[PDB]
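In the text below, chain A, chain B and the rest are named by the order of the sequence lines, each starting its count at 1. For the numbers below, each heavy atom of this structure counts, side chains included, while hydrogens, waters and symmetry mates do not.
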Amino acid sequence: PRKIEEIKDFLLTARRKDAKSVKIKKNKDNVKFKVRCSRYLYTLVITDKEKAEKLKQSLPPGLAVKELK
Amino acid sequence: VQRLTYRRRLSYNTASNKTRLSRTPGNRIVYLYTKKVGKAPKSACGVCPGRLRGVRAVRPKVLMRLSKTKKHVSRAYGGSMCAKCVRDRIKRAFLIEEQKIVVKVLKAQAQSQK
Amino acid sequence: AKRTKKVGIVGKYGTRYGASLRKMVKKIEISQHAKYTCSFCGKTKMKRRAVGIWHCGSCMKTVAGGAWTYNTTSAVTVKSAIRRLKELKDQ
Amino acid sequence: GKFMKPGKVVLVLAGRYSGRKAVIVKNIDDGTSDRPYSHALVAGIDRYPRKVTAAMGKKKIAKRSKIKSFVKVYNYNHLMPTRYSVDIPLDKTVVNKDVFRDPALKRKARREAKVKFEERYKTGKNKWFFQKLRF
RNA sequence: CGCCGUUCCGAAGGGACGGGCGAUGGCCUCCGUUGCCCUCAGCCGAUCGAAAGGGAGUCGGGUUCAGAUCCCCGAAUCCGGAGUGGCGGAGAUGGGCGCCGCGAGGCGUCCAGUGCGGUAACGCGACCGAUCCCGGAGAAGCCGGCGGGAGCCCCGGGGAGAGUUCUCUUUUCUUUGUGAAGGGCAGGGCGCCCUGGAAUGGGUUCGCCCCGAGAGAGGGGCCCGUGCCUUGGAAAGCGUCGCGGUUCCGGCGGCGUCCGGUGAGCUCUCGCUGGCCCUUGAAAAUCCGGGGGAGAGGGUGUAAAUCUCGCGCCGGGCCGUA
RNA sequence: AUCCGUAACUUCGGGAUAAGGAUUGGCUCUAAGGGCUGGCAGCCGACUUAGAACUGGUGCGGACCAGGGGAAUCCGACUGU
Ligand SMILES: [Mg+2]
Ligand SMILES: [Mg+2]
Ligand SMILES: [Mg+2]
Ligand SMILES: [Mg+2]
Ligand SMILES: [Mg+2]
Ligand SMILES: [Mg+2]
Ligand SMILES: [Mg+2]
Ligand SMILES: [Mg+2]
Ligand SMILES: [Mg+2]
Ligand SMILES: [Mg+2]
Ligand SMILES: [Mg+2]
Ligand SMILES: [Mg+2]
Ligand SMILES: [Mg+2]
Ligand SMILES: [Mg+2]
Ligand SMILES: [Zn+2]
Ligand SMILES: [Zn+2]
């Protein structure tokens with residue numbers, strides 16, 4: 001697994017031809033966006049709940065999304 | 001206390017059957033088989049007892065998948081000869097080549113007188 | 001404090017092998033385990049690695065020496081003899 | 001007396017350029033506040049011109065005669081001085097210790113030593129300077 | 001019948017960068033393949049020989065009546081291949097002069113460009129190069145002492161469940177996770193660098209041992225980091241309480257998975273230093289670095305040769321496994 | 001196990017746990033032996049040793065574990081087979 005620091009780099013990862021899905025995981029302290037690519041599971045950890053919703057809308061259309069519970 | 005077993009059919013404590021204990025997410029202790037300890041290169045000078053610096057200490061077949069930067073030093077002979085003995089060879093090569101000119105000049109002068 | 005009266009280093013052998021053999025081997029045991037002054041670097045580090053092989057820990061030089069001593073009387077004499085014959089050979 | 005003077009040919013003993021021949025541009029025997037030790041600004045041949053022979057054509061000789069230079073400040077203890085002196089006039093307004101602030105000036109400093117060396121190389125003078133030390 | 005012999009009484013190479021002559025094809029542009037000749041060429045011994053030696057790379061969870069590091073879930077990784085092997089990034093993109101413009105910059109020419117940083121140790125994401133040559137790793141005994149890290153044990157508290165309770169016991173018992181791989185940081189080690197120059201010698205270990213061939217003291221660099229944090233990852237596992245179903249569901253919910261101490265302790269491991277030898281404690285496959293510089297690449301761009309860098313694409317057959 | 005003590009002979013290493021004595025429980029104390037933070041103060045701690053009182057029907061290495069000793073002679077030096 002690889003950890004992504006910035007939102008821009010995660011969006012580039014989310015648009016990759018090999019990206020297979022994005023999982024949203026909500027914890028008490030953060031929301032984790034994990035995109036399953038060919039080699040690595042990339043994870044973006046966001047501590048601002050507001051930014052998580054803004055990012056959740058920005059995800060690529062075709063890329064399948066799953067919210068974990 | 002929990003007691004361990006090998007996870008392979010080699011029941012003997014040989015150099016290739018070394019292990020370390022590992023607690024898992026299942027909260028149990030299992031064996032993980034370790035890799036042998038790699039060695040940094042030995043200086044090509046055959047004199048300096050220490051090993052070289054700036055080079056990964058890995059098993060010889062792991063070097064194949066490392067980039068070049070991890071296997072040498074940015075310097076002449078770098079990654080194969082120590083810095084100390086590269087300074088000596090530069091002086092030795094220069095200083096010896098000067099003496100050849102000194103000896104050649106004396107020989108020419110002696111022949112000139114003769 | 002002085003711990004033994006005469007055995008010294010061959011006190012490791014206890015009562016075994018006889019006084020004269022232990023007396024003989026004492027001379028060798030001291031010499032073969034001594035550290036000699038290295039003539040290449042001056043530090044008292046010349047130590048025996050194997051029989052006939054002496055190594056200096058400082059300058060890392062290795063020397064073909066005697067079995068139990070750094071250089072033998074026979075080898076020292078031969079070096080002077082070879083030195084003298086060399087002068088006469090070329091005068 | 002003192003001999004580490006501008007124009008003196010020195011051998012780089014330590015670092016990325018060990019074994020490369022250089023020439024003292026400016027010498028600071030007393031050091032400074034930034035470098036309390038003795039140091040000199042030198043210019044040196046990063047890559048030497050290749051051997052050329054009469055069998056080679058004009059365009060091939062020019063290709064093999066290109067020199068790659070470096071500009072460095074060195075501790076005196078990292079240099080071996082030689083008896084050779086090499087009097088290329090290196091413009092000190094461009095090749096000076098202030099070139100280590102921005103790469104734009106350092107590129108000009110290295111370009112300056114590249115041109116002056118190549119011009120001096122083609123005359124056949126200072127042959128020893130332009131031959132790599134074989135150690 | 002055969003036996004000896006294994007480099008010894010042997011024309012023991014069927015290979016190659018490159019070059020020149022042709023022949024065939026194709027994404028027919030020009031490149032492959034292919035035949036011959038030239039050039040170059042030590043290996044010097046076929047072959048077999050280890051399920052404990054050498055030898056790249058897989059871990060966590062679940063699952064059966066019986067198999068699981070092999071099945072399923074999840075997360076990885078080595079090797080090989082693809083130049084129709086794709087996309088980024090690197091090579092890479094600068095300067096002089098002359099015009100135009102207030103400038104930002106734009107045009108025309110002429111030159112450079114097989115990366116860069118550090119005094120250094122050495123660092124950075126790559127960072128051309130063949131025959132040939134040098135070296136490293138694989139690859140090295142036994143014993144002692146000491147130190148670091150773990151697992152376990154122990155001690156003091158918080159929970160959760162259980163035992164005892166005639167008397168006492170804020171009590172006794174159980175249990176109280178986080179893999180590989182990547183990143184960061186502790187910790188450990190250095191016979192690594194720079195300044196400097198030390199006797200009124202000093203530093204220093206359990207022991208030693210170290211210094212003008214550079215000590216103390218400062219400031220750096222490197223190697224291992226199996227330890228901690230982080231992605232993995234709470235979604236899982238476990239504890240306990242409570243609900244459902246066909247009720248043979250990876251069923252669904254609440255809560256918890258917490259905070260410290262200590263040791264010549266035991267086991268494993270990593271490291272430092274010593275002792276012993278008329279004892280000196282494998283070889284090879286395999287992989288790597290360096291030295292050299294035969295060559296190749298483009299003429300300022302639609303940039304090229306090239307890249308051990310980041311992604312991406314395809315595959316891993318055979319036998320064993322209760 | 002602690003404390004004391006230990007000969008002949010000797011190849012000076014031994015002999016040697018020579019031989020020979022005394023002590024040992026339980027309980028309540030005393031002293032000494034350290035670390036961290038800021039000749040002192042506070043806060044933490046790890047088992048040890050020595051000494052004393054009291055105490056039991058003199059029992060106390062309470063089971064377990066655990067060398068009898070000395071003086072000589074023959075042979076072989078020894079360890080090893
Ligand atoms: Mg094996
Ligand atoms: Mg861990
Ligand atoms: Mg390196
Ligand atoms: Mg075989
Ligand atoms: Mg095998
Ligand atoms: Mg698999
Ligand atoms: Mg020092
Ligand atoms: Mg849970
Ligand atoms: Mg080279
Ligand atoms: Mg089985
Ligand atoms: Mg007796
Ligand atoms: Mg008698
Ligand atoms: Mg006998
Ligand atoms: Mg037998
Ligand atoms: Zn060396
Ligand atoms: Zn020496």
> Looking at the angle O4'-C1'-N9-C4 for a purine or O4'-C1'-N1-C2 for a pyrimidine, is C44(E) syn or anti, with syn meaning within 90° of 0?
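Judged by the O4'-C1' to base torsion, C44(E) sits in syn, the angle falling within 90° of 0.
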> Can you measure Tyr17(C) atom OH to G13(F) atom P for me and round it to whole angstrom units?
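My rounded result for the distance is 17 Å.
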> Which glycosidic conformation, syn or anti, is assigned to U24(E) if syn requires a torsion within 90° of zero?
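Here the answer is anti: the torsion falls beyond 90° from 0.
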> Name the residue closer to the 5' end of RNA chain E, choosing between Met81(B) and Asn17(B) according to the nucleotide with the nearest heavy atom.
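Its nearest nucleotide being more 5', the pick is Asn17(B).
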> Check the phosphate of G149(E) against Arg20(B), side-chain N and O only, distance under 4.0 Å to OP1 or OP2. Yes or no?
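It does not, given that no N or O in the side chain of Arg20(B) lies less than 4.0 Å from OP1 or OP2 of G149(E).
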> On the side chain of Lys71(B), is there an atom forming a donor-acceptor pair with the base of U308(E) - under 3.5 Å, no angle test?
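Under the 3.5 Å cut-off, the side chain and the base do form a donor-acceptor pair.
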> Using the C1' atom on both, measure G189(E) against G214(E) and round to a whole Å.
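Per the computed distance, 23 Å lies between those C1' atoms.
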> Taking the purine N1 to pyrimidine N3 distance and the second Watson-Crick contact, or the two G-U wobble contacts, each under 3.5 Å, tell whether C29(F) pairs with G51(F).
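A pair, by the stated definition.
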> Could you tell me whether the side chains of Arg35(D) and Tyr37(D) share a donor-acceptor contact shorter than 3.5 Å?
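Indeed, the side chains of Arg35(D) and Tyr37(D) share at least one donor-acceptor pair under 3.5 Å.
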> How many whole angstroms separate atom CZ of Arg16(C) from atom P of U79(F)?
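Rounding to the nearest Å, CZ of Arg16(C) and P of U79(F) are 11 Å apart.
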> Could you give the CZ-to-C1' distance, from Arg2(A) to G310(E), as a whole number of Å?
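In whole Å, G310(E) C1' and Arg2(A) CZ are 11 Å from each other.
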> Under 4.0 Å between a side-chain N or O of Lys69(A) and OP1 or OP2 of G253(E)?
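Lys69(A) to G253(E) OP1/OP2: side-chain N or O found under 4.0 Å.
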> Calculate the interatomic distance between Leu52(B) atom CG and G289(E) atom P; express it in whole Å.
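These atoms are roughly 14 Å apart.
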> When the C1' atoms of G89(E) and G316(E) are considered, how many whole Å apart are they?
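Pairwise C1' distance, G89(E) against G316(E), rounds to 31 Å.
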> Any side-chain N or O of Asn27(B) below 4.0 angstrom from OP1/OP2 of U176(E)?
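The answer is yes; a side-chain N or O of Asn27(B) sits under 4.0 Å from OP1 or OP2.
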> Give one of base, sugar-phosphate or nothing for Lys106(D), where a contact means two heavy atoms less than 4.0 Å apart.
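Result for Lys106(D) = sugar-phosphate.
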> Want to settle it: does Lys68(D) or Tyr37(D) sit nearer the 5' end of RNA chain E, counting the closest nucleotide to each?
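Final value for this comparison: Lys68(D).
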> Between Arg16(A) and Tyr42(A), does any side-chain donor sit less than 3.5 Å from a side-chain acceptor?
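The criterion, which ignores hydrogens and geometry beyond distance, is satisfied for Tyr42(A) and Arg16(A).
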> Check this for me: does any side-chain nitrogen of one of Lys116(D) and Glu119(D) sit under 4.0 Å from a carboxylate oxygen of the other?
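No, this pair does not count.
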> Choose from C12(F), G60(E), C209(E) the nucleotide whose nearest atom is closest to any side-chain atom of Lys5(C).
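Closest nucleotide to the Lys5(C) side chain: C12(F).
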> Taking the purine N1 to pyrimidine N3 distance and the second Watson-Crick contact, or the two G-U wobble contacts, each under 3.5 Å, tell whether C59(E) pairs with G74(E).
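Answer is yes for this nucleotide pair.
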> For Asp91(D) and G95(E), what is the distance between atoms CG and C1' respectively, to the nearest whole Å?
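So the CG-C1' distance, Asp91(D) to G95(E), works out to 14 Å.
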> Counting only side-chain heavy atoms from C-beta out, which of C224(E), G135(E), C209(E) sits nearest to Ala57(B)?
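Nearest listed nucleotide: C224(E).
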> Do any side-chain nitrogens or oxygens of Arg51(B) fall under 4.0 Å of OP1 or OP2 in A137(E)?
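Affirmative; the distance criterion is met.
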> With syn defined as a glycosidic torsion within 90 degrees of 0 and anti otherwise, which applies to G123(E)?
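That one's anti.
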> Would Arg8(B) pass as a cation-pi partner of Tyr33(B), given that its NZ or CZ must be under 6.0 Å from the six-membered ring centre and within 45 degrees of the axis?
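Yes, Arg8(B) and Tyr33(B) form such a contact.
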> For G212(E), does the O4'-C1'-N9-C4 or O4'-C1'-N1-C2 angle fall within 90° of 0, making it syn, or is it anti?
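For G212(E), whose glycosidic angle is within 90° of 0, the conformation is syn.
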> Does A126(E) have OP1 or OP2 sitting under 4.0 Å from an N or O in the side chain of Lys68(B)?
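Checking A126(E) against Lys68(B), no side-chain N or O comes under 4.0 Å of OP1 or OP2.
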> Determine: side-chain N/O of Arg89(B) to OP1/OP2 of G291(E), distance under 4.0 Å, yes or no.
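No, because none of the side-chain N or O atoms of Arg89(B) sits under 4.0 Å from OP1 or OP2 of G291(E).
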> Counting N and O atoms only, with roles assigned by atom type, does the side chain of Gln2(B) sit under 3.5 Å from a partner on the main chain of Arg28(B), one being a donor and the other an acceptor?
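Absent.
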> Examine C313(E): is either OP1 or OP2 under 4.0 Å from a nitrogen or oxygen in the side chain of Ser38(A)? Give yes or no.
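Yes, within the criterion.
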> Mind checking if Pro49(B) touches a base, just sugar-phosphate, or nothing, with heavy atoms under 4.0 Å?
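Counting heavy atoms under 4.0 Å across all strands, the contact made by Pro49(B) includes a base.
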> For this output row, return yes or no: ring centroids of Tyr77(B) and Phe135(D) closer than 6.0 angstrom.
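Centroid distance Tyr77(B)-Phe135(D): below 6.0 Å, so yes.
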> Does a side chain donor of either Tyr76(D) or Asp29(D) reach within less than 3.5 Å of an acceptor in the other side chain?
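Short answer, yes.
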> Confirm from the modelled atom types if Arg16(D) and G117(E) form a donor-acceptor pair under 3.5 Å, side chain to base only.
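Under the 3.5 Å cut-off, the side chain and the base do form a donor-acceptor pair.
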> Any Watson-Crick or G-U wobble pairing between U178(E) and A215(E), both distances under 3.5 Å?
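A215(E) and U178(E) do not meet the Watson-Crick or G-U wobble geometry.
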> Calculate the interatomic distance between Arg35(D) atom CZ and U195(E) atom P; express it in whole Å.
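Spelled out: CZ on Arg35(D) to P on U195(E) is 12 Å.
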> Would you call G13(F) and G14(F) stacked when the test is ring centres under 5.5 Å and planes under 30°?
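Stacked, because both conditions hold for the base rings of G13(F) and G14(F).
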> Give a yes/no on whether any side-chain N or O of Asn77(D) is located under 4.0 angstrom from OP1 or OP2 of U195(E).
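Result: yes.
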> When you check the gap from the basic side-chain N to the acidic O, do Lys108(D) and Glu112(D) get nearer than 4.0 Å?
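Not counted as a salt bridge, because no side-chain N and carboxylate O are separated by less than 4.0 Å.
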> Checking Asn17(B) side chain against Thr14(B) main chain: does a donor-acceptor pair fall under 3.5 Å?
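Pair absent, no side-chain N/O of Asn17(B) close to backbone of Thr14(B).
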> Have a look at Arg111(D) and label the groove its side chain gets under 5.0 Å of, major or minor.
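Reaching into the minor groove, the side chain of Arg111(D) comes under 5.0 Å of the base N or O atoms there.
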> Indicate syn or anti for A92(E), taking the glycosidic torsion and treating anything within 90° of 0 as syn.
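With its glycosidic angle within 90° of zero, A92(E) counts as syn.
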> Does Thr4(C) get its side chain close enough to the base of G13(F), under 3.5 Å, for a donor-acceptor pair?
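For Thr4(C), whose side chain was compared with the base of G13(F), there is no donor-acceptor pair (under 3.5 Å).
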> Does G98(E) stack on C99(E), meaning their six-ring centres are under 5.5 Å apart and the planes differ by under 30°?
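Stacking between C99(E) and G98(E) is present - centres under 5.5 Å, planes under 30°.
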> Answer with major or minor: which groove's base atoms come under 5.0 angstrom of the side-chain heavy atoms of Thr69(B)?
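Major groove.
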> If we take the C1' atom in both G297(E) and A92(E), what is their distance in whole Å?
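Straight-line distance between the two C1' atoms is 14 Å.
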> Tell me: CZ of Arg7(B) to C1' of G179(E), nearest whole Å?
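My rounded result for the distance is 9 Å.
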> Would you kindly check whether a donor in the side chain of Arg8(B) faces an acceptor in the base of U69(E), or vice versa, at under 3.5 angstrom?
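Present.
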> Side chain of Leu32(B): nearest nucleotide among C194(E), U231(E), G179(E)?
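Taking heavy atoms from C-beta onward, the closest nucleotide is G179(E).
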> Taking a pair to be Watson-Crick or G-U wobble with both distances under 3.5 Å, do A181(E) and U231(E) qualify?
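The answer is yes: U231(E) partners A181(E).
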> Answer yes or no: side-chain N or O of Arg64(D) and base N or O of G295(E) forming a donor-acceptor pair under 3.5 Å.
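There is none.
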> From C222(E), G53(E), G291(E), pick the nucleotide closest to the side chain of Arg53(B)?
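Looking only at side-chain atoms, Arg53(B) lies closest to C222(E).
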> What is the distance, rounded to the nearest whole Å, between atom CG of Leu13(D) and atom P of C194(E)?
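Whole-Å distance recorded here is 11 Å.
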